[PDB]
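So basically every Cβ, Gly included, is an ideal-geometry build from the backbone, and we count neighbours across all protein chains shown. Only the coordinates and a few stated rules stand behind these numbers; no lab work does.
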Amino acid sequence: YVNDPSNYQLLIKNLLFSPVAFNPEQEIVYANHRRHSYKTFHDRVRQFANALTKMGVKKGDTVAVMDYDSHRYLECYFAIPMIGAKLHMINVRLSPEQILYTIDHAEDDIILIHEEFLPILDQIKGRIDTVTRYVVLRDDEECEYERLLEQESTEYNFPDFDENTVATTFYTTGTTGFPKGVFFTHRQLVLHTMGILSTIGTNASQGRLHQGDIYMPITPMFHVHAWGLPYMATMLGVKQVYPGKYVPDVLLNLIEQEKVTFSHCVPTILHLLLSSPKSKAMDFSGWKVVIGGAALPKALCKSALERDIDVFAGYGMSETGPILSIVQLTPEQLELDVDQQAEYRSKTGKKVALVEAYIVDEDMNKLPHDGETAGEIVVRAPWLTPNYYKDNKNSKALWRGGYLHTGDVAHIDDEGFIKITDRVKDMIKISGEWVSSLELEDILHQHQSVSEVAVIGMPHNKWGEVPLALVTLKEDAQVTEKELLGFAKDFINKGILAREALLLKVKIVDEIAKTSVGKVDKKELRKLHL
Amino acid sequence: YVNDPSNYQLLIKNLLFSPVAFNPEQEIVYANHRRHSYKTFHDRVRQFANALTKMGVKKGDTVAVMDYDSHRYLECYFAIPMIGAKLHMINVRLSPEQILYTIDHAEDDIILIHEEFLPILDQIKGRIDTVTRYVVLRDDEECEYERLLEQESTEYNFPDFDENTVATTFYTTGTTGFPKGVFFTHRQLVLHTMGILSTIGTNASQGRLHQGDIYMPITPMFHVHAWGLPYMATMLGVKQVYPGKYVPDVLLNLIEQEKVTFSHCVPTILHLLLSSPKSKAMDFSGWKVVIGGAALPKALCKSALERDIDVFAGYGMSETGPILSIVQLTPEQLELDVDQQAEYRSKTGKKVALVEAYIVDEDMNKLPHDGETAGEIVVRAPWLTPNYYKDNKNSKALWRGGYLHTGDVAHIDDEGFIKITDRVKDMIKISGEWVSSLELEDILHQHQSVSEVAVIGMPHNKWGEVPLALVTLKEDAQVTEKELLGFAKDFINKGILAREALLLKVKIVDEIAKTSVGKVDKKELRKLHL
Amino acid sequence: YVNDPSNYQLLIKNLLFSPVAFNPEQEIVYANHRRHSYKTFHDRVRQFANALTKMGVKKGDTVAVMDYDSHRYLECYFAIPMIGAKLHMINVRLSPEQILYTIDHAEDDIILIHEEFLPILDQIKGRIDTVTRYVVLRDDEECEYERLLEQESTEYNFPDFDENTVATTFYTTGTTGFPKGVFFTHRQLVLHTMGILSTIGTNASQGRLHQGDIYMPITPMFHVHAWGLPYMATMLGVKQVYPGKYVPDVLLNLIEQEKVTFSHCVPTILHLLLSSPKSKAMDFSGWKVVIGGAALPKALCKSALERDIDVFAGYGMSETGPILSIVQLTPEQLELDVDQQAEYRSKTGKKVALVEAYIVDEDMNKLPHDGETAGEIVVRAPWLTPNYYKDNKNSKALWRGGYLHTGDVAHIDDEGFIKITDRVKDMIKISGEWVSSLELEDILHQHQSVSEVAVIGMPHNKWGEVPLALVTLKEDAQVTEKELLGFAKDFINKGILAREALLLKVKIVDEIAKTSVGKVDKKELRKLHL
């Protein structure tokens, strides 16, 4: 590759070696395990580059990583792409067969795997080909990664190449029969970091990330590049703390002792942290957790707001950067009380810089943003995956009509706020309208003797797909289906026949199938019940 | 596509419409079901082309087929490639998960499936994407294929395109963790037909296929294009009989009544046909079955020769055309008695026209053809798959050193005869030599109280991989491991320590794992026992 | 040239070193002169390659050959093309001026010429340029070719190149004012060999070439690559005998002593062999001569059939491979008596594999194959010359309408049999119909006092071109033109005015002009008489 120095390429090496702020004394902390300055971080990155070069990794090669959140993952986030190789992030929460399929599909050359992830490999070891070396990662000095790093020198001349070379890749289950692989380039990652920093960094007084913060992820970090946060924090040169195993008590201790101010987690982890007895006497009025997993509930937002936590939501769908929208509060919205606060903070949010985000039905129409007309979200951003890896027809459906299809049905307010109502496949197509099953699930969950509710659709000649409810009862709770029918019929304000209460067809089931991540298997319930 | 008429392209349409001999009165017979002349066959091919065009199949599309041997499969062998689409042959003997993986990998658009293969689809129906239409095939008039054909006209202008467009594809399990997809072009198929017709058609008086024969396959016909035989017979314009379900009594009745003279099957089916009571009073002295499945045994060849059957072996490995070598007997070899006949007819054979077939060790050396020096077979033929579909590193190992690697270890006689001794992965690497486990399996199977034997290797510091035997005993047979050790030690004439009898390590196991095809799972036994 | 080993090229070296059968003990025999095994043949081919390399012959060079049928011509058929050079076959039966024109047009670099062809060169020696070396060939040890071969080693690495490189070329007089040069590639020759072997090798019991035959050409072998037979026999590894001078007694002795079973000759040579006194006590019931020169007569076929000779006809026109059609007899046609045998064996035949062979008038229409509608034969085959060398407008007329024009007018039966009736230029265009002069020549030759007859056309205002007969009388035979007119008028069953007997215009001429090959100079008779 030959490049004229006038022509500038957006590379991750520019993100690391030309940050907004660089403090050599700033420290990266791995929880109760290790602590080293930014200068040591740069030296270790160069050592890792030398070690990867020594093992035969080249520009076209792929390196797979399988561990928790640590300094090693942060070093892999940089060193591998800067060599030019591909960083394959493996979802350790998938089934061993799916993990093996992803490894075979991506054709990884070297695998770095944590010690306590070894049994998962042990049952798919012989099935794996195309892999030459396994590096075992440990939390003590007997780590193979540490022994590999301590042999190399801290001197590397990082090459310059085209900004469109692929840097990272990972696989998402989605709704297809096999996991789909998404990929991004150096330019896309750099632009995502810059745009999100411009969006959330310029807010007046709420939900802003600045150079005085202390960062600590609470998301798995093999999903969606941990929302791009580790790239951003390194760009700001802020203190970074990595917890590892995600134990609520260790997390609370790290927040108290390291003075963490910025984080991102999911509603389940936030609820566990808030309900922990250790947290009842902990100061929380400096913390700005970002909830992005799925559908931050209003009650959880209220409970966090009563603890003086700047909690706000964001949207990302694992092939869109991921960040597309974040709730931002104008100064006259900060003076509202906790109910109006929790109303706004639980929304999907306004689109971030350089995002279009139209609402569109089938045949691509541009339904207005009145605030109640729902439709599928289609976006155009500088950091979208062009297609699926080694796929043709799903790639065509992904970019149908010239826009990326999110698969989420939402309505957009006149002021720009987005409120996601359901998923495209989960919409019940009664007659000629489209009701969202989420509000029926919420209504049925309001019952005192109901634990979990799943709503699906079953064919019906005159009224299309009609709804069906599977409910799980509580301890020593036995309410007949007629009682639940009356409970749902009690509510008002909905369309269709009367209030669409003649076809609820609620049934009581002991258990509801869930994915390996922990999400209801609506497809399967469809297979089981129809 | 624009072509100068002077420039000639080798296409399957030339194979069908410009045969060696064309008799409109010659008939194709589907067993006790249907019987129609060659003119009707051409009309049905044109009707199928029109029907496929009507459903939206185009040049780049793929059509999958799942049924037994019938006129419909013969029509699919032609019509789909002549449109320019890809014919994906699905192995119905694989597990449903493997079948689903192959369907997802090949991205089939339309699936033609037999009725009694429906349950297999029923458990993978929802997992399947990228498929638009399913056509159910039946043996009566309610077949969807027949109803689709009877609407179209018998008039089609078949296009002309580049001879390098892919025509057929199918998947082989091999030794990898996932099935590997191989593909061939129109030119390769035409050249394979022409070369094999030139090779076996020009023999003096034994094992020759000519225009007066009657053809009937006994191989699954989704493997290896049924050895290319259906293409060849259609080229010769000979009578063709398709049995379907492969029931030994129906097969014998078809051979008796249709006067079948040429066939290809596997040793198991041949043994079942020979041992059937119905066959004890059947005339067999016009039949020229070709055995190509795997390792035709000498005893079976003798038993068939005592029934006046011209039985001979052929070699094909599912990515080599498949035909690479066929045994051909010189006129002074026909005067030998049954023992010398069965010696020669059970060999791998001499290479067919336009085949190189060298013997080669690691680092690619060209060990001489002395008759006892074993090595891996590497070939160069006009009908080899260039690589594996959507694969990189296995493709590199397939064509390592500039030759296609068969994976079979054999020795070549000075006269050109090849004798396959084992598989590359199944070789036991004791010390510095390579013993073949097949002869030890044969020796141990010679015991009176032994049913089946599997030989594997287990590590040993001073002598590399050493052999281990897993044996299954007969009804009320109990012989200790020491007795089998002495039985193996009784024989002579082998190298290594004494006769390599200090490490046999024979063990008795109730059952031995087998593939879905019925072959021992040596990899698994390795996983289970070590 | 760089080639990926996966990409296979069809080369003559593959035809020689990868045959159907290779027997090192099989011998090539030059009549009463030399006899050497196939291993010696391969060694001599390598030696000739080394010798040609030593003289400066390169890929683009051309080597001309001028001799009879011998081992040297067979070695030139292989060695020259395998180097990549062009083999120019010179017709030694042409006039010295035509030979000189062909040499100048083809620009030969080295000329190999037999001793007794030296006088022909002596009168055109000074006129020749662009030629650097002359190699004199002799039948004794003083041959320059033998002395050149005995210096080189038997070791050559034959290169691999594109399959579309030109291999052979030769010149045909045709109907143009100067000889026209045709050329073929390696791929075309290999495909011709494979296709004809597939066509004639797969016949049931008549007219088949197999690996147990003994081959001996009786055609000049500088015409039409000797019908491709020497390439085919070498591919089958059969014994080959080369007679040389074509003396009938030497030919009969070779057939008797070498046990020749397959041959190809012309009707004149066959008649000379059958009428020889030596042949009256010779066994002929193993011989399968192929007649392909021109228009095998029915009487000669009957006479050969009474001698128990499997005599059959073939069609080739010197720019079509040459083989296009061969008569093949179905098993129920072998049971007919000698008259019906001679009827079928004298026909042009059915088209061989991969040949289209439509019948077409001017403006390219596709007149039906009823069996009596005549038209010009146009073909599409994998082994047709794209054009004439260094020619433009004749090349356009050769491939007019997208098909190669044979120049022969024939009718095709409903069963596929072709019967050539005349040449396009020799058709008499009376009024609005086209009569063939061949049947009038046959009718007039039936007279008892007639030796030879030539029919031409002369203008006539109201009836287009009308026929004219030039006849030669026998010894002391004097029949007036009126007697011949009445003799022709006696016959019946023809169209046009009455029986087209009012314009015969028969004339008696002492001699009729003939080409240097021995064919009537109809153009010249047109020039002389009109």
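Express the relative contact order of the stretch A:1-53 as a whole percentage, based on alpha carbon pairs under 8 Å and six or more residues apart in sequence. Taking the mean separation of contacting Cα pairs over the length of the stretch A:1-53, I get 20 percent.
Peptides B:76-82, C:200-206: what's the order by average Cβ count within 10 Å, highest mean first? Walk me through the numbers before you get to the answer.
On the way: B:76-82: 24.6, C:200-206: 20.1.
The densest-packed peptide leads the list: B:76-82, C:200-206.
Between the residues B:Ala353, B:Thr373, B:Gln340, the greatest Cα displacement towards the positive end of the dipole of chain B, with unit charges on the Cβ of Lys, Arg, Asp and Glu, is found for B:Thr373.
Assuming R0 = 41 Å, what is the FRET efficiency of C:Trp463 and C:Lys419, from their Cβ-Cβ distance, to the nearest 0.05? The pair C:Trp463/C:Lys419 has a calculated efficiency of 0.95. For the stretch A:1-70 and the stretch C:369-394, what is the centre-to-centre distance using only Cα atoms, to the nearest Å? The distance from the Cα centre of the stretch A:1-70 to that of the stretch C:369-394 comes to 70 Å. About its Cα centre, what dipole magnitude does the stretch C:157-283 give when the only charges are +1 on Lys and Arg Cβ and -1 on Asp and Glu Cβ, stated in debye to the nearest 20? Dipole magnitude for the stretch C:157-283 comes out near 300 debye. Residues of the stretch A:494-530 falling in the label zone of A:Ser451, defined by backbone nitrogen less than 14 Å from a point 7 Å along Cα to beta-carbon, are A:508-514.
Two decimals is fine: what's Rg over Rh for the stretch B:220-327, C-alpha atoms, Kirkwood radius as Rh? Don't jump to the answer; show the numbers that get you there.
On the way: Rg = 13.6 Å, Rh = 14.5 Å.
Ratio value, two decimals: 0.94.
Farthest towards the positive end of the charge dipole of the stretch B:19-154, among the residues B:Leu137, B:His114, B:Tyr77, is the Cα of B:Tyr77, using unit charges on the Cβ of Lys, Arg, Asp and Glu. Relative to a virtual label point 7 Å from the Cα of C:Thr130 in the Cα→beta-carbon direction, which members of the stretch C:62-77 show backbone nitrogen distances below 14 Å? Of the residues in the stretch C:62-77, C:62-64 have backbone N under 14 Å from the label point off C:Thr130.
Which net charge results for the neighbourhood of C:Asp413, defined as the other residues with beta-carbon distances under 11 angstrom from its beta-carbon, given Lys and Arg at +1 and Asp and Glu at -1? All intermediate terms of the calculation are to be shown ahead of the outcome.
Working: positive: C:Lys347, C:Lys350, C:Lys419; negative: C:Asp370, C:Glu372, C:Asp414, C:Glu415.
Combined, the nearby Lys, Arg, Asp and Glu give -1.
Go through B:101-109, B:302-310 and give me the packing order, highest mean Cβ count within 10 Å leading.
Details: B:101-109: 21.3, B:302-310: 17.2.
By packing density, highest mean first, the sequence is B:101-109, B:302-310.
Quote the FRET efficiency, to the nearest 0.05, computed for A:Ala294 versus B:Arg400 with a Förster distance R0 of 60 Å and r equal to the Cβ-Cβ distance.
Details: r = 48 Å, r/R0 = 0.80.
It comes to 0.80.
Can you tell me the FRET efficiency between C:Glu362 and C:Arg307 if r is taken as the Cβ-Cβ distance and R0 is 51 Å, rounded to the nearest 0.05? Rounded to the nearest 0.05, the efficiency is 0.70. Rounded to the nearest 20 debye, the dipole magnitude of the stretch A:376-482 is 760 debye, with +1 charges on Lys and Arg beta carbons, -1 on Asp and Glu beta carbons, and the Cα centre as origin. Qualifying GluC sites (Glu not before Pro) in the stretch C:14-100, where qualification requires a DSSP coil assignment and no more than 11 other C-beta atoms within 10 Å, comprise C:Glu25. Quick note on the stretch A:411-469: its Rg to Rh ratio, both from C-alpha atoms and Rh being the Kirkwood radius, is 1.06. In whole percents, the pair-distance distribution calculated for the stretch A:331-422 from its alpha-carbon pairs, binned every 10 Å from zero, is 15, 41, 29, 12, 3, 0. Note on the stretch B:1-146: percent of Cα-Cα distances in each 10 Å bin, starting at 0 and stopping at the bin with the largest distance, equals 10, 37, 34, 15, 4, 0.
Express in % the proportion of alpha carbon pairs of chain C at distances exceeding 42 Å. The partial results should precede the final answer.
On the way: 30554 of 140185 pairs.
Pairs farther apart than 42 Å: 22 percent.
Please order C:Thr515, A:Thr185, B:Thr199 by the number of other Cβ within 10 Å, starting at the fewest. Mind dumping the intermediate values first?
Working: C:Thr515 14, A:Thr185 21, B:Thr199 29.
So the ranking, lowest neighbour count to highest, is C:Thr515, A:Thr185, B:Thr199.
Computed over the stretch C:147-215, the Cα gyration tensor eigenvalues convert (square root of 5λ each) into semi-axes of 28, 25, 15 Å, ordered from largest to smallest.
Neighbour counting of Cβ atoms within 10 Å sorts the residues B:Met364, A:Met317, B:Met194, fewest neighbours leading, into B:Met364, A:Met317, B:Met194. How big is D, in µm² s⁻¹, for the stretch A:301-369 by Stokes-Einstein at 37 °C and 0.692 mPa s if Rh is the Kirkwood radius over C-alpha pairs? Using the Kirkwood radius from Cα pairs, D works out to 237 µm²/s.
With helices as the sole contributors, chain A gives -8000 deg cm²/dmol at 222 nm; each DSSP H run of n ≥ 4 counts as -39500 (n - 2.57), and the sum is divided by every residue. Positive end of the dipole of the stretch B:185-263, charges at C-beta (+1 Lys, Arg; -1 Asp, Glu), about the Cα centre: which of B:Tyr231, B:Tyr242, B:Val190 has its Cα farthest in that direction? Towards the positive end, the residue furthest out is B:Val190. Inter-copy label distances for B:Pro459: 5.7, 10.1 nm (label point placed 7 Å from Cα along Cα→Cβ; shortest first).
If you wrap a convex hull around the C-alpha atoms of the protein assembly as shown and split its volume per residue, what is the figure in Å³? Could the numbers behind the result be given before it?
On the way: hull volume 420.9 nm³, N = 1590.
In the protein assembly as shown, the Cα convex hull volume per residue is 265 Å³.
Values of log10 I(q)/I(0) for the stretch B:397-503 across q = 0.10, 0.12, 0.16 Å⁻¹ run -0.36, -0.51, -0.83, by the Debye formula with one identical scatterer at each alpha carbon and no solvent. Loop-located GluC sites (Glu not before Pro) in the stretch C:477-530 (DSSP state other than H, G, I, E, B) with a sparse environment of at most 13 neighbouring Cβ atoms within 10 Å: C:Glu511.
Roughly what % antiparallel, to the nearest 5, for the DSSP beta bridges in the protein assembly as shown? Please report the intermediate quantities before stating the final value.
Details: 120 of 207 bridges.
About 60 percent, rounded to the nearest 5.
Our summary gives chain B a relative contact order of 10 percent, counting only alpha carbon pairs under 8 angstrom and 6 or more residues apart.
By the beta-carbon count within 10 Å of each Cβ, the least crowded to most crowded order of C:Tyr171, C:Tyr246, fewest first, is C:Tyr246, C:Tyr171. The Cα atoms of the stretch A:274-389 cover 54, 36, 22 Å along the three principal axes, with the biggest extent listed first. The orientation-averaged projected area of the convex hull spanned by the Cα atoms of the stretch B:455-530 comes to 6.3 nm².
I'd like the trypsin sites (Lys or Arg not before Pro) in the stretch A:21-86 restricted to DSSP loop residues with at most 13 other Cβ atoms within 10 Å, sorted by number. Write down the numbers at each step before the final one.
Numbers: sites: A:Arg34, A:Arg35, A:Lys39, A:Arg44, A:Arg46, A:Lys54, A:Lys58, A:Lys59, A:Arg72, A:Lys86; in loops: A:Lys58, A:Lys59.
Answer by residue number: A:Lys58, A:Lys59.
With only Cα atoms counted, the stretch B:1-57 has Rg and Dmax values of 14.9, 47 Å.
Cross-link pairs exceeding 30 Å in C-alpha to C-alpha distance, out of A:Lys514/B:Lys245; B:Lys278/B:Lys474; B:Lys350/C:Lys259, comprise A:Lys514/B:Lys245. According to the Kirkwood relation over distinct C-alpha pairs, the hydrodynamic radius of the stretch C:142-256 is 17.4 Å.
For a test of the definition: using alpha carbon positions, the gyration tensor, and the 1.5 limit on a/c, classify the stretch C:107-203 as rounded, prolate or oblate. The shape class here is oblate. Here the contact order of the stretch B:380-530, divided by its residue count and restricted to Cα pairs under 8 Å and six or more residues apart, works out to 15 percent.
I'd like the distance separating the alpha-carbon centroids of the stretch A:154-203 and the stretch C:101-140, in whole Å. Each part's Cα centre sits 74 Å from the other's. About the centre of its Cα atoms, the protein assembly as shown shows a dipole size close to 1160 debye [charges on the beta carbon of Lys, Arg (+1) and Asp, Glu (-1) only; nearest 20 debye]. Across the stretch C:44-117, the volume of the C-alpha convex hull divided among the residues equals 83 Å³ per residue.
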